[PDB]
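Report on the following structure.
Chain letters run A, B, ... following the sequence lines, proteins first and then strands; every chain starts at 1.
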Amino acid sequence: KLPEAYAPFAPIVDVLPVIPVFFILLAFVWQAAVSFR
Amino acid sequence: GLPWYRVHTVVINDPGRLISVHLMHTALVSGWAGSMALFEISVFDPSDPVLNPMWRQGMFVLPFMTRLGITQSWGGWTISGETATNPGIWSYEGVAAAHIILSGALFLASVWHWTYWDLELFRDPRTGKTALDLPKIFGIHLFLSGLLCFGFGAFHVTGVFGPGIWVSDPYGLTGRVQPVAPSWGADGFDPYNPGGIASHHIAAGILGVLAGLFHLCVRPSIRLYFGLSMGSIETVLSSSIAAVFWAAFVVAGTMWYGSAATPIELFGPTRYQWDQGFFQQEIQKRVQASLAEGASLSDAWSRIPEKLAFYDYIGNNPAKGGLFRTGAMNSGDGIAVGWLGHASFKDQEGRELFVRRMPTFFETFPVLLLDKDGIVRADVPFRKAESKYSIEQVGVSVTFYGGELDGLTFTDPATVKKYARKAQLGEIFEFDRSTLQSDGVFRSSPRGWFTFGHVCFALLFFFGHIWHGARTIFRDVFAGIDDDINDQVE
Amino acid sequence: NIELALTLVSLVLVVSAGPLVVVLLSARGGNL
Amino acid sequence: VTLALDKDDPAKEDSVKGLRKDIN
Amino acid sequence: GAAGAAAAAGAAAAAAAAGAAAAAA
Amino acid sequence: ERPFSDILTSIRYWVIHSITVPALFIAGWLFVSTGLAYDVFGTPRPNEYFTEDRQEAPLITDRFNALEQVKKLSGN
Amino acid sequence: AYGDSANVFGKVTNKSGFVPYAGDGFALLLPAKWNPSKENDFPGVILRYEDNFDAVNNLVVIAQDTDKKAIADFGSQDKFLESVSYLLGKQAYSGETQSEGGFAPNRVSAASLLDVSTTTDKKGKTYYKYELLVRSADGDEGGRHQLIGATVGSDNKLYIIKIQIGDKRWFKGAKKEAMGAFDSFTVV
Amino acid sequence: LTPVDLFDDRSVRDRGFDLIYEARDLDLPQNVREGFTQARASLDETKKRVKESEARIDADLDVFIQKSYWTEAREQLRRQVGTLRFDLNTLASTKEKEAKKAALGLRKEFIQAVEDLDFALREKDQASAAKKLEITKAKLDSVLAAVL
Amino acid sequence: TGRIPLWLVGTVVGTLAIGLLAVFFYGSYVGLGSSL
Amino acid sequence: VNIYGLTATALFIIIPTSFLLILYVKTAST
Amino acid sequence: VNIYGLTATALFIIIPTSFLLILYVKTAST
Amino acid sequence: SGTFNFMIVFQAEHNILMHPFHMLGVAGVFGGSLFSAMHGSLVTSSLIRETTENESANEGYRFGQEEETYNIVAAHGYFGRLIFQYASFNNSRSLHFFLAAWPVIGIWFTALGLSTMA
Amino acid sequence: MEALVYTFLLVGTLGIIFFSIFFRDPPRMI
Amino acid sequence: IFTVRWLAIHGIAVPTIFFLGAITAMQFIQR
Ligand code: CLA
Ligand code: CLA
Ligand code: CLA
Ligand code: CLA
Ligand code: CLA
Ligand code: CLA
Ligand SMILES: CCCCCCCCCCCCCCCC(=O)OC[C@H](CO[C@@H]1O[C@H](CS(=O)(=O)O)[C@@H](O)[C@H](O)[C@H]1O)OC(=O)CCCCCCCCCCCCCCC
Ligand SMILES: CCCCCCCCCCCCCCCC(=O)OC[C@H](COP(=O)(O)OC[C@@H](O)CO)OC(=O)CCCCCCCCCCCCCCC
Ligand SMILES: CC1=C(/C=C/C(C)=C/C=C/C(C)=C/C=C/C=C(C)/C=C/C=C(C)/C=C/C2=C(C)CCCC2(C)C)C(C)(C)CCC1
Ligand SMILES: CC1=C(/C=C/C(C)=C/C=C/C(C)=C/C=C/C=C(C)/C=C/C=C(C)/C=C/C2=C(C)CCCC2(C)C)C(C)(C)CCC1
Ligand SMILES: [Fe+2]
């Protein structure tokens with residue numbers, strides 16, 4: 001596990017790897033917001 | 001000009017060449033029927049009808065002559081196993097000749113209608129062009145159809161004037177051609193009743209006459225003239241191809257399932273008789289009929305007919321075959337010579353054992369010997385390194401009852417394994433792989449080959465129904481679509 | 001289970017945080 | 001010794017004797 | 001069960017309130 | 001009229017489909033979580049596969065008497 | 001169709017991996033993923049479960065009636081296994097061979113006793129527990145582990161358990177299912 | 001038909017048999033599975049193998065060098081010696097904290113003597129490997145006079 | 001018509017469609033059909 | 001090696017081969 | 001009945017039969 | 001038959017049928033056979049009448065002609081009523097890209113599925 | 001014997017491939 | 001609104017959300 005001065009922050013760490021899947025999805029939201037111009 | 005696949009459509013416009021081109025096909029079909037019946041008579045072996053019958057020898061059209069009364073030959077022999085004192089004119093060779101003589105007569109008629117195509121009958125009055133009155137033409141031919149149907153049913157099948165059809169017992173032992181009586185109750189729709197066949201062709205023959213008189217007189221509706229495209233000779237082709245694959249699924253269906261119109265003495269047993277234990281139960285019903293009245297084992301198994309034990313065999317199952325395992329059933333395992341007995345298995349604790357028979361799916365199947373209650377006690381194991389059900393340790397001996405090995409016991413662990421692997425195939429028989437140089441692996445009966453053709457034909461004729469129904473409804477757009485056809489969108 | 005619940009709260013605050021940029025920038029301004 | 005039913009059960013088990021009336 | 005219907009009826013009345021929170025605006 | 005993009009962007013669509021759509025999801029949730037789906041379709045619950053009579057897979061093995069046999073195989 | 005609620009958000013009823021069994025005169029904890037086999041290998045089989053995955057992994061209990069009251073009356077543990085050596089099967093290949101590797105001549109299988117014990121329970125009766133590895137010439141499963149345990153009950157009846165596990169499955173977790181079933185075997 | 005035959009192998013588990021079965025069940029920790037817990041829990045088994053490791057170094061490794069058997073001297077230094085790094089940490093983790101730095105400092109330079117002996121045995125330099133070995137045995141006795 | 005933006009509909013509806021799919025992968029590791 | 005298959009192969013070649021050659025050389029001369 | 005003579009008869013028919021049919025249907029269409 | 005051995009042994013050791021990239025490859029060759037029959041029949045069923053019924057319709061196209069021998073609007077306006085109107089491709093260039101991309105991407109996955117089971 | 005028939009069917013198929021490439025009916029433009 | 005286009009979608013969409021509520025509750029049935 002993490003060092004024990006950081007183990008309360010371990011719930012945030014389990015969400016951190018999937019974030020670049022949301023970066024490719026954000027390019028589709030931004031292009032949907034300009035209506036795919 | 002035309003493509004290769006469109007050459008026969010020169011006949012669609014003139015009815016005289018349509019007579020001539022159906023006459024040539026009819027000369028070839030009956031020319032096949034006589035030629036195949038001459039080929040089958042020239043190779044048929046009528047010596048043993050009990051243990052080498054016609055379906056065992058690859059005879060395909062000989063069980064169709066024998067189904068409608070032709071049982072005798074110009075070589076003296078019959079089917080039931082006796083000498084014909086008067087073969088008559090309607091032998092097998094008389095009918096094989098009557099189709100060849102008809103083949104040449106239909107040949108000459110086709111040459112006539114090809115040259116004399118421009119008959120005045122084919123041109124309708126007051127327009128002068130070639131036309132056919134297809135509602136009345138159907139009414140003529142439906143009238144002749146129900147007249148032959150009633151004639152075949154009341155006279156040929158019923159035995160009023162004709163000979164009759166083949167009728168046997170449930171177990172394929174005692175079968176002859178005898179007349180039937182029509183059965184008009186609910187029993188006439190049981191298709192294993194031969195009386196429903198005679199009761200069919202009378203009732204369907206009378207209705208086909210009455211329907212034929214309708215279509216002779218009552219002209220069709222105009223709304224139903226255009227909607228079914230009655231003025232084309234191809235809307236009758238599409239509906240007739242639809243009629244003949246419907247028929248070919250029914251015909252191949254009743255051949256495969258078995259019916260009174262498909263006897264097992266002519267076409268062989270069905271695959272559902274091996275699966276459902278049809279002959280095995282009756283063989284056990286007759287042993288237990290004799291052990292209950294007071295008799296020995298070897299004196300009860302001798303009372304079973306050798307023909308009944310031959311139906312109880314996996315090699316006469318029509319679904320134990322192959323698509324390119326060609327020829328007779330005798331070419332596979334040999335000509336059956338004699339029933340070799342009934343193998344009964346006992347172990348060293350004096351307990352009877354019963355070989356689990358090979359199911360119809362299995363090309364190979366492990367041999368298992370089960371007890372009375374259904375628990376495996378012995379087998380021929382694949383791994384013999386540390387076994388616990390081997391025949392050698394369990395001590396399986398085999399005794400025969402009836403047949404050629406009656407009252408003979410085998411305790412040799414090599415011999416017992418040989419007959420245990422023959423007992424999963426059914427009753428034990430002795431063959432000869434030298435008379436026809438047999439391969440060693442089974443074939444299918446004519447009951448299986450007829451079914452294979454007549455479902456492959458019934459499925460390819462579904463596509464021909466689809467093609468020719470499409471060419472009538474879409475006759476105007478066959479060569480392409482119009483240039484201004486863009487009005488079909490919003 | 002608070003360790004599983006905070007992981008869900010951390011998911012929702014981040015999975016919104018991308019479209020939160022896109023929604024807010026669409027409303028005020030609009031140079032996306 | 002053996003009924004005709006429990007001779008066609010250990011040999012075929014798809015038998016029309018063994019399949020019908022098999023609620024017992 | 002009950003808790004599968006309690007939080008179900010919670011958002012049945014929350015989305016009815018939140019659906020009316022913008023319907024009043 | 002109404003070509004699939006003035007519906008999804010209309011607010012009257014979502015004053016309907018934010019009420020009927022969750023109440024239909026909950027209706028599907030409660031069809032199974034009240035055990036009614038095990039009763040309507042006759043699928044066995046995870047404590048209903050093996051009674052005390054049999055500890056093996058069922059086998060129907062009888063054509064015309066299957067209706068009361070599957071009642072005996074299920075244990076009712 | 002009795003209406004019981006589905007187990008939404010509910011606690012499990014069995015994560016032990018063992019099902020308690022009670023036959024006639026004995027009780028043991030069967031491997032929970034195993035199912036009853038309709039096979040009688042041996043004279044005296046009461047139950048015989050096998051694995052769902054492969055039929056090599058199986059157990060069997062055997063209740064022979066005997067004239068003796070204690071398991072020491074059968075002699076010692078070394079003289080006991082040679083009497084009950086039929087549990088390991090018989091070499092059905094009486095062929096002559098010297099080309100199989102790691103075996104005596106004409107032997108295509110060789111059992112090897114690896115462990116004995118003399119454990120008891122809260123009733124006082126001692127057991128004869130065995131642990132073998134039976135190798136074969138083809139060497140299927142990497143060998144086969146045998147877990148033989150035997151005792152005589154309070155009704156002069158010899159109860160013998162034999163758990164057979166293929167060695168391929170043994171190191172992959174079927175030791176926990178077998179030893180947990182083998183230690184749980186108590187004859188009342 | 002013959003029965004199977006038994007063999008008295010009840011003492012192979014006492015010697016070495018149930019050792020690859022402990023290294024294959026995935027319920028034990030890997031320190032129990034790799035043999036790491038058992039080396040730390042019993043001090044005398046490390047003290048047996050470390051005195052055995054110098055028996056493989058002080059006597060068994062020079063013999064392959066004067067006859068120039070390189071691939072039997074590269075792997076003499078890895079076969080039974082292949083636990084000595086893990087062993088010399090367990091024997092040095094039983095000392096005082098100013099004695100452990102004296103222990104791990106001597107243990108660190110014996111590592112630098114073996115890794116220099118290995119490279120001498122790698123380019124087949126017999127005049128260097130026979131010289132690097134005498135340095136290696138001196139650094140070996142300095143560690144073993146500290147941790148035991 | 002145009003009362004709610006279509007891209008915000010397609011984001012939100014697409015999110016709880018991906019969110020519902022993640023429940024189907026969550027339930028594939030726990031409960032029924034989890035092999036434990 | 002049978003009498004059937006050696007000549008069924010030759011008839012399935014030559015009867016459709018030459019039929020197509022009858023139609024092609026008819027066409028290629030037009 | 002040999003493998004030679006049954007198929008040498010069939011080849012001496014069909015190879016010159018169809019060759020003449022190739023040349024006739026070529027000619028009769030001209 | 002050596003290929004067939006290679007397939008049968010592969011499914012025992014790697015379970016290729018239960019792999020999604022082989023599932024996508026089957027979708028590429030079943031889709032690629034559907035779309036070959038679909039695009040192949042809509043073009044064939046939209047041919048402009050250029051020849052008679054005594055000659056094949058394939059004679060109505062000339063190699064190198066610059067006009068376009070079938071009606072794309074009638075083909076699109078037929079598949080539109082068959083399932084849905086916006087479920088079709090009114091763009092023949094966009095039709096032929098999807099016609100290329102469905103087998104090629106599907107076989108790209110089953111080539112990688114075979115290479116991941118490698 | 002049948003291997004002679006097998007190679008004749010394989011050589012004959014590779015013959016048609018050779019004629020379909022180098023003796024194809026050439027596409028005339030316009 | 002009961003038209004053909006309404007009966008096409010809600011023939012599909014109404015049981016789809018009913019089963020998606022059913023299948024989601026099956027993910028939390030433990031045993
Ligand atoms: C009148 C002359 C005549 C007679 C008496 C026979 C007699 C015989 N033929 Mg031959 N045959 C004839 C003409 C004749 N044939 C012609 C002209 C042809 C060329 C088409 C053939 C081609 C032929 C073949 C290919 C075969 C025979 C066979 C047979 C034998 C059995 C027939 C059988 O089982 O058919 C069964 C007949 C039917 C099941 C009839 C099918 C008709 C369907 C059911 C009716 C459906 C349409 C109907 C109009 C629906 C409306 C009904 C109602 C509403 C009106 C029998 C010896 C068989 C044989 O063993 O010969 C070696 C055989 O294989 N025949
Ligand atoms: C669907 C109709 C149908 C079918 C298929 C059969 C089929 C059969 N019947 Mg049955 N029958 C039927 C209807 C039918 N019957 C009807 C309606 C009656 C009542 C009239 C009978 C009454 C009847 C009797 C009484 C007998 C049969 C017999 C037969 C069998 C032999 C007939 C045969 O093969 O002729 C095949 C015929 C042809 C293929 C046509 C050949 C054409 C000839 C050769 C051309 C030349 C004609 C002439 C000789 C030349 C004249 C010269 C002139 C110009 C100068 C066969 C199983 C016989 C039988 O089974 O005995 C063993 C028998 O005795 N049938
Ligand atoms: C009281 C008088 C009477 C009596 C006793 C009979 C007795 C009989 N009739 Mg007849 N019949 C009569 C009057 C009578 N009929 C009259 C007045 C008519 C009107 C003209 C008919 C018309 C008629 C027809 C058209 C048929 C019979 C058939 C039968 C047989 C029924 C049992 C059978 O073989 O089933 C077997 C037949 C069926 C089970 C038919 C089912 C049809 C299936 C669905 C066709 C499947 C093909 C289809 C394309 C499906 C796709 C393929 C599939 C694999 C997916 C029996 C001989 C049938 C027959 O001869 O069978 C050999 C038959 O097909 N009868
Ligand atoms: C529906 C039609 C039909 C049916 C069911 C039968 C059924 C039967 N016939 Mg008969 N036969 C028929 C039509 C039919 N025949 C016709 C039209 C002829 C004239 C040519 C014959 C001539 C004939 C003879 C001379 C013999 C039989 C024999 C047999 C039996 C064995 C079947 C067999 O070996 O199949 C073989 C089946 C296959 C090989 C599968 C066919 C699958 C397709 C069609 C292959 C085609 C693919 C490809 C394009 C071919 C190119 C390959 C090339 C190398 C040739 C069986 C009872 C034999 C028998 O037992 O007689 C006693 C026998 O000696 N038949
Ligand atoms: C009662 C049955 C029947 C009849 C009378 C016709 C008649 C016709 N068909 Mg249709 N057709 C049928 C069944 C039938 N078909 C079936 C079952 C199918 C599905 C396979 C088709 C599929 C079909 C297509 C796709 C087309 C036709 C066309 C035609 C026309 C020209 C045929 C031609 O020139 O062939 C010429 C054939 C040859 C020169 C050689 C064919 C050789 C093959 C391999 C068969 C070998 C012959 C074999 C010995 C006989 C066994 C047949 C078996 C049923 C017993 C003609 C109107 C054409 C049409 O409509 O033109 C506008 C057309 O394009 N048919
Ligand atoms: C995929 C199947 C299929 C297709 C696309 C067609 C297509 C066509 N058929 Mg064909 N046809 C088929 C199957 C098919 N048919 C079958 C199986 C039969 C019975 C043999 C027929 C018999 C037939 C005839 C006799 C005629 C056509 C005609 C036509 C054309 C006009 C449309 C029509 O009336 O359809 C036919 C209508 C249907 C197939 C729909 C009927 C479906 C009903 C509602 C189902 C009833 C079954 C029942 C409820 C289930 C209980 C039994 C169950 C236990 C198995 C068209 C080309 C006509 C034509 O060519 O005109 C130019 C014409 O004359 N068809
Ligand atoms: C050895 C290979 C492997 C063996 C394969 C065996 C099976 C072969 C199957 C295919 C057979 C040929 C199919 C039809 C070809 C065709 O129509 O071409 C059409 C072209 C016409 O082109 C035109 O031909 C004109 C000449 S003329 O018009 O033909 O007189 C010419 O002037 C013009 O430039 C040109 O455009 O023909 C030619 O160019 C030359 C004539 C070809 C003669 C047929 C050859 C037959 C094969 C014999 C090979 C030896 C066999 C025995 C040894 C194994
Ligand atoms: C008496 C016993 C019976 C004798 C019968 C003997 C005659 C039988 C002749 C049948 C063959 C005729 C076929 C001509 C074939 C032919 O001429 O093609 C051309 C033809 C139509 O082309 P068109 O419409 O342009 O026609 C123009 C005209 O010139 C044609 O006459 O295409 C078809 O008819 C569809 C079927 C083609 C199928 C082509 C082969 C496809 C499969 C290829 C397999 C090998 C490659 C794949 C390997 C994996
Ligand atoms: C002139 C004349 C005559 C003669 C006649 C004759 C001689 C006839 C013959 C006829 C014949 C001799 C015929 C035959 C026929 C045959 C056929 C017609 C066959 C066919 C075949 C087929 C059709 C096949 C098919 C197929 C195939 C391809 C393979 C397999 C599958 C199938 C089956 C599909 C006389 C002298 C009497 C007198 C009078 C006149
Ligand atoms: C029921 C009956 C029967 C049957 C019958 C029949 C089936 C019949 C048929 C019949 C027929 C089916 C007939 C046919 C005929 C045909 C003809 C008669 C033809 C002719 C032709 C011609 C004459 C031609 C000529 C020519 C030539 C050669 C070339 C040049 C040109 C000309 C055109 C000139 C019997 C016997 C069983 C018994 C009695 C009753
Ligand atoms: Fe295209």
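The backbone N or O of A27(B) lies less than 3.5 Å from a partner atom in the side chain of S103(B), making a donor-acceptor pair. With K136(B) contributing its side chain and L216(B) its backbone, the two residues share a donor-acceptor pair below 3.5 Å. For the pair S46(L) (side chain) and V43(L) (backbone), a donor-acceptor distance under 3.5 Å is absent. Between the side chain of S238(B) and the backbone N or O of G469(B) there is at least one donor-acceptor pair closer than 3.5 Å. Put simply, the side chain of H99(B) gets close to the backbone of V95(B): a donor and an acceptor are under 3.5 Å apart. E40(B) contributes no side-chain N or O that, together with a main-chain N or O of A37(B), makes up a donor-acceptor pair within less than 3.5 Å. Distance alone, capped at 3.5 Å, places no donor-acceptor pair between the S221(B) side chain and the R223(B) backbone. Side-chain atoms of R123(B) do not come within 3.5 Å of backbone N or O of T130(B) as any donor-acceptor pair. Of the possible donor and acceptor atoms, one in the side chain of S110(B) sits under 3.5 Å from a partner among the backbone N and O of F107(B). Although no hydrogens or angles enter the test, the distance criterion places a donor-acceptor pair under 3.5 Å between the side chain of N91(L) and the main chain of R93(L).
Rounded to the nearest 0.5 angstrom, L20(K) CG and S18(J) OG are separated by 11.5 Å. Separation of atoms CZ (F478(B)) and CZ (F474(B)) is listed at 13.0 Å; rounding is to 0.5 Å. For the atom pair CD1 of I72(L) and NE2 of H76(L), the computed distance is 11.0 Å after rounding to the nearest 0.5 Å. Taking CG of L147(B) as the start and CG of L142(B) as the end, the distance is 11.0 Å to the nearest 0.5 Å.
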Stepwise, does the side chain to side chain contact (heavy atoms under 4.5 Å, CB included) test hold for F138(B) with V236(B)? CA-CA 9 Å; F138(B) 172 66; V236(B) 39; over 6 Å; no
Would you sort out whether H113(B) and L23(B) count as a side chain to side chain contact (heavy atoms under 4.5 Å, CB included), showing the intermediate values? CA-CA 9 Å; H113(B) 283 279; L23(B) 281 168; 3.6 Å; yes
Check against side chain to side chain contact (heavy atoms under 4.5 Å, CB included), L2(B) and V10(B): CA-CA 10 Å; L2(B) 285 174; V10(B) 293; 4.3 Å; yes
Hey, mind stepping through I100(B) and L38(B) against side chain to side chain contact (heavy atoms under 4.5 Å, CB included) and telling me if it holds? CA-CA 10 Å; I100(B) 293 171; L38(B) 288 181; 3.7 Å; yes
Steps toward salt bridge (charged side-chain N to carboxylate O under 4.0 Å, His left out) verdict (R475(B), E53(L)): CA-CA 10 Å; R475(B) 185 83 276 276; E53(L) 305 196 357; 2.4 Å; yes
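In this structure, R447(B) is not positioned above the aromatic face of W256(B) in the sense of NZ or CZ being under 6.0 Å from the six-membered ring centre and within 45° of the axis.
With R62(L) as reference, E59(L) is the one residue of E66(L), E59(L), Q65(L) to meet the side-chain hydrogen bond (donor to acceptor under 3.5 Å, both in side chains) rule.
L459(B) is listed as a side-chain neighbour of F249(B), based on a closest heavy-atom distance under 4.5 Å. At a threshold of 4.5 Å between non-hydrogen side-chain atoms, the residues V1(K) and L6(K) do not count as touching. Side-chain contact between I41(B) and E93(B): present, with at least one pair of heavy atoms (C-beta onward) separated by less than 4.5 Å. At a threshold of 4.5 Å between non-hydrogen side-chain atoms, the residues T3(L) and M7(L) count as touching. Taking 4.5 Å as the limit, every side-chain heavy atom of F8(M) sits out of range of all side-chain heavy atoms of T9(J). The shortest distance between side-chain heavy atoms of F79(L) and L42(L) falls below 4.5 Å. Two residues are said to be in side-chain contact when any heavy atoms from C-beta on lie closer than 4.5 Å; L323(B) and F452(B) meet this criterion. Proximity of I13(J) to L9(M): side-chain heavy atoms (C-beta onward) are separated by under 4.5 Å at one or more points.
Relative orientation of the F450(B) and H454(B) rings is parallel, given thresholds of 30° and 60° on the angle between their planes. Aromatic ring pairs are classed by plane angle as parallel below 30°, tilted from 30° to 60° and perpendicular above 60°; the pair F35(L) and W102(L) is perpendicular. Ring pair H465(B)/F462(B) is tilted by interplanar angle, where 30° to 60° counts as tilted.
Checked for salt-bridge contact, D476(B) and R49(L) miss the test: no charged N lies under 4.0 Å from a carboxylate O.
Taking the six-membered ring where the residue is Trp, the centroids of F60(B) and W449(B) are separated by 6.0 Å or more.
Using modelled atom types, one finds no donor on one side chain facing an acceptor on the other under 3.5 Å when comparing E234(B) with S232(B).
Atom CD1 of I222(B) has 12 or fewer neighbouring heavy atoms from other residues, nucleotides or ligands inside a 6.0 Å radius. By the neighbour-count criterion of 12 heavy atoms within 6.0 Å, atom NE2 of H141(B) is sparsely surrounded, having that number or fewer from other residues, nucleotides or ligands.
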